[PDB]
Each structure stands twice: as C-alpha cells, then as structure tokens.
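J.: Just so it is clear, I am handing over my_file-v3.tsv, which has TSV, C-alpha atoms.
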chain	number	residue	atom	x	y	z
A	258	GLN	CA	-7.76	4.24	1.30
A	259	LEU	CA	-7.10	0.63	0.30
A	260	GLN	CA	-9.20	-1.96	2.13
A	261	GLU	CA	-7.92	-5.40	3.09
A	262	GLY	CA	-8.76	-8.13	5.59
A	263	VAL	CA	-11.18	-8.58	8.49
A	264	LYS	CA	-10.33	-9.71	12.03
A	265	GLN	CA	-13.22	-11.64	13.55
A	266	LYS	CA	-11.71	-11.37	17.07
A	267	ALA	CA	-10.73	-7.73	17.64
A	268	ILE	CA	-10.87	-5.44	20.66
A	269	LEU	CA	-11.43	-1.67	20.45
A	270	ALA	CA	-10.14	0.14	23.52
A	271	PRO	CA	-11.32	3.77	23.77
A	272	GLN	CA	-8.91	6.66	23.31
A	273	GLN	CA	-9.62	8.02	26.80
A	274	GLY	CA	-8.94	4.59	28.31
A	275	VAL	CA	-5.33	4.16	27.15
A	276	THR	CA	-2.64	6.73	27.93
A	277	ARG	CA	1.07	6.82	27.13
A	278	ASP	CA	3.28	6.57	30.21
A	279	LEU	CA	6.65	8.27	30.69
A	280	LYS	CA	8.65	5.60	28.81
A	281	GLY	CA	6.80	5.62	25.49
A	282	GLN	CA	4.66	2.51	25.82
A	283	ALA	CA	0.87	2.48	26.03
A	284	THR	CA	-0.66	1.55	29.39
A	285	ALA	CA	-4.31	0.92	30.23
A	286	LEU	CA	-5.75	0.48	33.72
A	287	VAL	CA	-7.83	-2.67	34.18
A	288	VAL	CA	-9.65	-4.08	37.19
A	289	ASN	CA	-9.46	-7.67	38.40
A	290	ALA	CA	-12.06	-10.13	39.65
A	291	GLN	CA	-10.78	-9.39	43.17
A	292	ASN	CA	-11.69	-5.70	42.53
A	293	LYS	CA	-8.26	-4.11	42.41
A	294	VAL	CA	-6.82	-1.85	39.70
A	295	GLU	CA	-3.91	-3.38	37.78
A	296	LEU	CA	-1.82	-1.94	34.94
A	297	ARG	CA	-1.36	-3.79	31.64
A	298	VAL	CA	0.96	-2.84	28.78
A	299	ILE	CA	-0.73	-2.19	25.42
A	300	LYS	CA	0.53	-2.13	21.86
A	301	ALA	CA	-1.87	-0.51	19.41
A	302	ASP	CA	-1.76	-0.80	15.62
A	303	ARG	CA	-4.59	1.23	14.10
A	304	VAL	CA	-7.11	3.94	14.87
A	305	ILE	CA	-10.76	3.66	13.81
A	306	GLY	CA	-12.41	7.04	14.35
A	307	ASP	CA	-12.26	7.21	18.15
A	308	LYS	CA	-10.99	3.77	19.28
A	309	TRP	CA	-7.64	1.98	19.40
B	152	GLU	CA	17.74	4.80	32.78
B	153	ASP	CA	13.98	4.68	33.44
B	154	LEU	CA	14.69	5.39	37.11
B	155	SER	CA	17.07	8.23	36.20
B	156	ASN	CA	14.41	9.80	33.96
B	157	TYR	CA	11.87	9.37	36.76
B	158	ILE	CA	14.25	11.14	39.17
B	159	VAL	CA	15.07	14.06	36.83
B	160	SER	CA	11.39	14.29	35.85
B	161	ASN	CA	9.54	14.40	39.13
B	162	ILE	CA	11.62	14.01	42.29
B	163	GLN	CA	14.22	16.66	41.42
B	164	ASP	CA	11.52	19.35	41.30
B	165	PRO	CA	10.40	19.11	44.98
B	166	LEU	CA	13.88	18.22	46.28
B	167	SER	CA	15.71	21.37	45.20
B	168	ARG	CA	12.92	23.71	46.32
B	169	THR	CA	13.50	22.74	49.96
B	170	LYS	CA	15.73	24.71	52.31
B	171	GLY	CA	19.42	23.94	52.72
B	172	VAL	CA	19.89	21.55	49.79
B	173	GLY	CA	22.83	22.69	47.67
B	174	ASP	CA	23.99	21.46	44.29
B	175	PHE	CA	23.72	17.75	43.55
B	176	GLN	CA	24.17	15.15	40.83
B	177	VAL	CA	22.14	12.12	39.76
B	178	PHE	CA	23.40	8.77	38.50
B	179	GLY	CA	22.79	8.80	34.77
B	180	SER	CA	20.56	11.39	33.14
B	181	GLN	CA	17.17	11.82	31.46
B	182	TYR	CA	15.87	10.06	28.37
B	183	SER	CA	16.88	10.66	24.77
B	184	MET	CA	15.13	9.74	21.54
B	185	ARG	CA	17.62	7.01	20.68
B	186	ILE	CA	17.30	6.11	16.99
B	187	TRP	CA	18.58	2.65	16.02
B	188	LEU	CA	19.73	2.42	12.41
B	189	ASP	CA	20.47	-0.87	10.69
B	190	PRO	CA	22.79	-1.30	7.69
B	191	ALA	CA	20.64	-3.75	5.71
B	192	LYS	CA	17.79	-1.24	5.41
B	193	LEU	CA	20.29	1.51	4.60
B	194	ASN	CA	21.60	-0.73	1.81
B	195	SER	CA	18.08	-1.55	0.59
B	196	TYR	CA	17.13	2.08	-0.14
B	197	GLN	CA	20.53	3.50	-1.26
B	198	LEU	CA	20.89	5.53	1.92
B	199	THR	CA	23.70	6.66	4.22
B	200	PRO	CA	23.52	7.84	7.86
B	201	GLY	CA	24.56	11.32	6.71
I'd like the structure from this file rewritten - as structure tokens, please.
T.:
Amino acid sequence: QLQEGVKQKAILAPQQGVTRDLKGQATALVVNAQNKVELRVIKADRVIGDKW
Amino acid sequence: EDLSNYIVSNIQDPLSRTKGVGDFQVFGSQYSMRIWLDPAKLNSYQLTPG
C-alpha cells in the first residue's frame, strides 16, 4: 500500500448516505437552508474504511 | 434511454398486471453495459478488440 499526498480540504461522506441510482451515478440527498430535500450528483474516488 | 429503462424497470410491472391490457411495446428498450473502446489505448498495450 503505497502512500502519497494529503488533501487539506477533503469531505468524507458516509457509505449509508450515498446510494447509486438506476443510471450508474452516485446520488446523495442533501437539505437546503429553506428546509427542503434536494438531490446532488456525486463522484467518489476512494474509500477509507467506512467513508467515501 | 433513461426514460425507457425507467419504463421497463418500474412502470411495466404494475401496468401489465391490470385487467384487460394486452400485449404492448415500448419506445426503445432497457439499459446495456455499453463499453467504449478507443484505438489509441488498444495500440498502447498491443491489444485488439478480439
């Protein structure tokens, strides 16, 4: 397991929080500031234990 | 094609279980794992599509 690089601004979405839709992309459900659920498309490179 | 997959996936199941509806067709069909080759990468590795 070669080690390289650090990203000082990274986001770790949980595995239960992102789910593949029927096309093949990754979609996660977010809420707004107006309190309404909106869908956002996700691309995910790595896995670290239990987070994307 | 996304709409045709959505039809064949989950509006064809309740539609045909109703009474009176006979045979029917849909415009297009379901998805397929479409694999896009490129000839530069096939050249780079000494590969052929066979």
J.: Residues of chain A within 12 Å of chain B: nearest atom pair and distance (Å, one decimal) for each, counting only C-alpha atoms, sorted by chain and number, as a tab-separated table?
T.:
residue	atom	partner	partner_atom	distance
A:278	CA	B:157	CA	11.2
A:279	CA	B:157	CA	8.1
A:280	CA	B:153	CA	7.1
A:281	CA	B:184	CA	10.1
J.: For a cutoff of 12 Å around the file-coordinate point (-0.4, -0.2, 25.0), which residues qualify once you count only C-alpha atoms? I'd like the result as number ranges by chain.
T.: A: 270-272, 274-278, 280-286, 296-303, 309
J.: Restricting it to C-alpha atoms, dump the selection as a tab-separated table (two decimals), keeping the file's coordinate frame.
T.:
chain	number	residue	atom	x	y	z
A	270	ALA	CA	-10.14	0.14	23.52
A	271	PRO	CA	-11.32	3.77	23.77
A	272	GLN	CA	-8.91	6.66	23.31
A	274	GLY	CA	-8.94	4.59	28.31
A	275	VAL	CA	-5.33	4.16	27.15
A	276	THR	CA	-2.64	6.73	27.93
A	277	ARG	CA	1.07	6.82	27.13
A	278	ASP	CA	3.28	6.57	30.21
A	280	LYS	CA	8.65	5.60	28.81
A	281	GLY	CA	6.80	5.62	25.49
A	282	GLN	CA	4.66	2.51	25.82
A	283	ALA	CA	0.87	2.48	26.03
A	284	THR	CA	-0.66	1.55	29.39
A	285	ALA	CA	-4.31	0.92	30.23
A	286	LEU	CA	-5.75	0.48	33.72
A	296	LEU	CA	-1.82	-1.94	34.94
A	297	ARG	CA	-1.36	-3.79	31.64
A	298	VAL	CA	0.96	-2.84	28.78
A	299	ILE	CA	-0.73	-2.19	25.42
A	300	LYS	CA	0.53	-2.13	21.86
A	301	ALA	CA	-1.87	-0.51	19.41
A	302	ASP	CA	-1.76	-0.80	15.62
A	303	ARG	CA	-4.59	1.23	14.10
A	309	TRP	CA	-7.64	1.98	19.40
J.: When you look at region 167-179 of chain B with a cut-off of 9 Å (counting all atoms listed in the file), what residues show up, excluding the ones that are within fewer than 4 positions of it in the same chain? I need them as JSON, numbers by chain.
T.: {"B": [152, 155, 156, 158, 159, 162, 163]}
J.: Could you turn the residues from that selection into a file that holds C-alpha atoms, as a compact mmCIF listing (two decimals), in the frame of the given file?
T.:
# COMPACT_ATOMS: atom_id res chain seq x y z
CA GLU B 152 17.74 4.80 32.78
CA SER B 155 17.07 8.23 36.20
CA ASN B 156 14.41 9.80 33.96
CA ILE B 158 14.25 11.14 39.17
CA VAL B 159 15.07 14.06 36.83
CA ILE B 162 11.62 14.01 42.29
CA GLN B 163 14.22 16.66 41.42
J.: When you draw a straight line from CA of residue 200 (chain B) to CA of residue 181 (chain B), how long is it in Å?
T.: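 If I compute the distance from CA of residue 200 (chain B) to CA of residue 181 (chain B), I get 24.8 Å.
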J.: For the atom pair CA of residue 186 (chain B) and CA of residue 201 (chain B), what is the interatomic distance in Å to one decimal place?
T.: 13.6 Å
J.: CA of residue 194 (chain B) and CA of residue 259 (chain A), how far apart in Å?
T.: 28.8 Å
J.: Could you give me the axis-aligned bounding box of region 171-174 of chain B, with 4 Å of padding per side, as centre plus edge lengths in Å to one decimal, as lines of an AutoDock Vina configuration file?
T.:
center_x = 21.7
center_y = 22.7
center_z = 48.5
size_x = 12.6
size_y = 10.5
size_z = 16.4
J.: Env of residue 199 (chain B): 12 Å cut, atoms = all atoms listed in the file, seq-sep filter 6 positions within chain, self excluded. Answer as a PDB file with C-alpha atoms, in the coordinates of the input.
T.:
ATOM      1  CA  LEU B 188      19.730   2.420  12.410  1.00  0.00           C
ATOM      2  CA  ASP B 189      20.470  -0.870  10.690  1.00  0.00           C
ATOM      3  CA  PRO B 190      22.790  -1.300   7.690  1.00  0.00           C
ATOM      4  CA  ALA B 191      20.640  -3.750   5.710  1.00  0.00           C
ATOM      5  CA  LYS B 192      17.790  -1.240   5.410  1.00  0.00           C
ATOM      6  CA  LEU B 193      20.290   1.510   4.600  1.00  0.00           C
TER       7      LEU B 193
END
